[PDB]
């Protein structure tokens, strides 16, 4: 359960545990960081058992990578899959409402029934953030505290697989992963982040879902079924 106390082989899916071996010590250090935050009287999100949740879906099955900045800052929202919320959450966070507006515009599907993105994760979409924890109410508060090396390692490992990869990089912090995607089996879509602060700079109209599927087909891979219930 605890990333200070237990190894990657217990915390994440088998392929991910091997993929993340270069950062095994760093993940334990992040567990120590979180312990120190609590000792100091600061909290973090998502819940400890969810921090590495994106790495519990199989590494070998990832076809598309979505990367945001850091988890939702409001207690009760972040679940360890970027942008997702529990199926009983309403209203939707503003960034997610914006994502879903673009989803309907791009794909023509009706608005989803809820904000649970687990179907995407179950269909080969990795829902990552550049940084995997945040202090409540304080976006970007864990920037530069050691998660970047972990998520860098994850992207490098995905990019090294003998497989096509499409990355969707939402926002500035996600965009720092672009250099690691240089190899010919990988292609990146970059746009402004879907938060209200930046969505009108190019997130709306970006059509990332249909573009990712055109890219997958062009590499000989199966497209994602993006349809949410």
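Take the two forms, superpose them, and find the largest set of C-alpha atoms that agree within 1.5 Å; that set is the rigid core. Residue numbers count along the first chain shown, from 1.
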Between 46-54 and 189-197, which one shows the bigger average Cα displacement from this form in 9 other deposited structures of this protein once the rigid core is aligned?
189-197
Following superposition on the rigid core, is the mean squared CA displacement, expressed as RMS, greater for 64-72 or for 36-44 in 9 other deposited structures of this protein?
36-44
Mean B factor on CA atoms, stretches 144-152 and 105-113, record says higher is 105-113
Would 179-187 or 163-171 have the larger average of its C-alpha temperature factors, as given in the entry?
179-187
From 137, 133, 98, 122, which pick has the Cα B-factor that tops the rest in the entry?
137
In terms of the CA temperature factor given in the entry, to which third of its chain does residue 49 belong: lowest, middle or highest?
highest
Among the modelled residues of its chain, the C-alpha B-factor of residue 67 falls in the third labelled lowest
Lowest, middle or highest third: where is residue 9 by Cα B-factor in its chain?
highest
